[PDB]
Amino acid sequence: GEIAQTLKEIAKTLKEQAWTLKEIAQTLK
Amino acid sequence: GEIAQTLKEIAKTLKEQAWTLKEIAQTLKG
Amino acid sequence: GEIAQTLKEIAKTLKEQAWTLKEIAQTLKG
Amino acid sequence: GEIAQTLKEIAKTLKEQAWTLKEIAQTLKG
Amino acid sequence: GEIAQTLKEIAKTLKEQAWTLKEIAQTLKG
Amino acid sequence: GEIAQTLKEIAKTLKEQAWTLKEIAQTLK
Numbered sequence: 001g002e003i004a005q006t007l008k009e010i011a012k013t014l015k016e017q018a019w020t021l022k023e024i025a026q027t028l029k
Numbered sequence: 001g002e003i004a005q006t007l008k009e010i011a012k013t014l015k016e017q018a019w020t021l022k023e024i025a026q027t028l029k030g
Numbered sequence: 001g002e003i004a005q006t007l008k009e010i011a012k013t014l015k016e017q018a019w020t021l022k023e024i025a026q027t028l029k030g
Numbered sequence: 001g002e003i004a005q006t007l008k009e010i011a012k013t014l015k016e017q018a019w020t021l022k023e024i025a026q027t028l029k030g
Numbered sequence: 001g002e003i004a005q006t007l008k009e010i011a012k013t014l015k016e017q018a019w020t021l022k023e024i025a026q027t028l029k030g
Numbered sequence: 001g002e003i004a005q006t007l008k009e010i011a012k013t014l015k016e017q018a019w020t021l022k023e024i025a026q027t028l029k
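Written as structure tokens, this is what we have:
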């Protein structure tokens, strides 16, 4: 349903954010 | 329902945050 | 109910965070 | 119930994080 | 069940993240 | 369910993000 699809979008976005934070961490290091 | 709509709003907001973080990462890099 | 209200609070807080991240992005540019 | 209480904890923590991010934004700016 | 347990894990992790953000804020300040 | 599995993925991703934030904190320190 809509809820399952929306949660999957949230999961995908958080994974993208996690990768971006890793980029930031690497840049700072 | 209200909960489904609110979760969609959360999803949209998180996507906005993700984009902003990408901008920050790019700015820091160069 | 309580769950829907709590999710709305989460949504509002994430929107606040999103705005703050935009401020940070702007500051880092100069 | 347990889910509602856990979501409330999440909401409170996100609000704390939002305040801390504002502190970071302010520090970076000046 | 699984949902409640998973949300508790999320709550714990977010609390850890909140503390780490406070560390970042403190480092930037001083 | 799909919801429970998606939340587990979210939990794992947030843990990764938490570790990355710690890396950022350490770099700044």
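Chains as they are written, first to last, in PDB author numbering: chain C, 1 to 29; chain D, 1 to 30; chain E, 1 to 30; chain F, 1 to 30; chain A, 1 to 30; chain B, 1 to 29. Built from N, CA and C at the ideal position, the CB exists for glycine as well.
- Where residue 22 of chain F is concerned, the enclosing alpha helix (DSSP H) starts and stops at 2-29.
- With a threshold of 7 Å between beta carbons, residue 17 of chain B makes contact with chain C.
- Cα atoms of residue 28 of chain C and residue 13 of chain B: separation of roughly 21 Å, rounded to the nearest angstrom.
- Taking C-beta atoms as the reference points, residue 21 of chain E and residue 17 of chain D count as a pair closer than 7 Å.
- Residue 3 of chain E is positioned such that its CB atom lies no closer than 7 Å to that of residue 11 of chain F.
- Across the structure, residue 24 of chain E and residue 24 of chain D are spaced so that their CA atoms are roughly 8 Å apart.
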